[PDB]
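In what follows, chains are A, B, ... by sequence order, proteins preceding strands, each numbered from 1. Both counts, for ligands and for their atoms, begin at 1 and track the order of listing.
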Amino acid sequence: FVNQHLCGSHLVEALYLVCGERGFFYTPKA
Amino acid sequence: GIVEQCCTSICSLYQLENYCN
Ligand SMILES: [Zn+2]
């Protein structure tokens, strides 16, 4: 794999690919 | 944390895996 630069919705797409059926938590800073 | 890091800098899929359930 290569390192990536991921902003906004594009990070949630990556997480979705990586975690799949396992699900994930999207927790931005406030 | 990871959200900012991936966007301000770079991040790897292996680091993303720390967010899976
Ligand atoms: Zn875009």
Next item on the list: Work out how many protein N, O or S atoms lie closer to the Zn ion (ligand 1) than 2.8 Å.
Entry: 1
Notebook entry, point to check: So, A/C7 with B/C6, SGs under 2.5 angstrom?
Noted result: no
Margin query: Show the nearest heavy-atom pair for residues B/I2 and A/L11, with the distance to one decimal.
Written below: O-CD2, 4.4 Å
Next item on the list: Share the residues that join A/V2 in a hydrophobic cluster, the rule being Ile, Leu, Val, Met, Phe, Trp or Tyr side chains under 4.5 Å apart at the heavy-atom level.
Entry: none
Next item on the list: Using atom types as modelled and distance alone, determine if a side-chain donor or acceptor of A/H5 lies under 3.5 Å from a backbone N or O of B/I10.
Entry: no
Using a 3.5 Å cut-off and no angle test, enumerate the donor-acceptor pairs between side-chain atoms of residues 11-21 of chain B and protein atoms at least two apart in sequence or in another chain.
from	atom 1	to	atom 2	distance (Å)
B/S12	OG	B/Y14	N	3.4
B/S12	OG	B/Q15	N	3.3
B/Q15	OE1	B/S12	N	3.0
B/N18	ND2	B/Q15	O	3.4

Identify every side-chain donor-acceptor pair in residues 23-30 of chain A under 3.5 Å, counting partners at least two apart or on other chains, and give the distances.
none

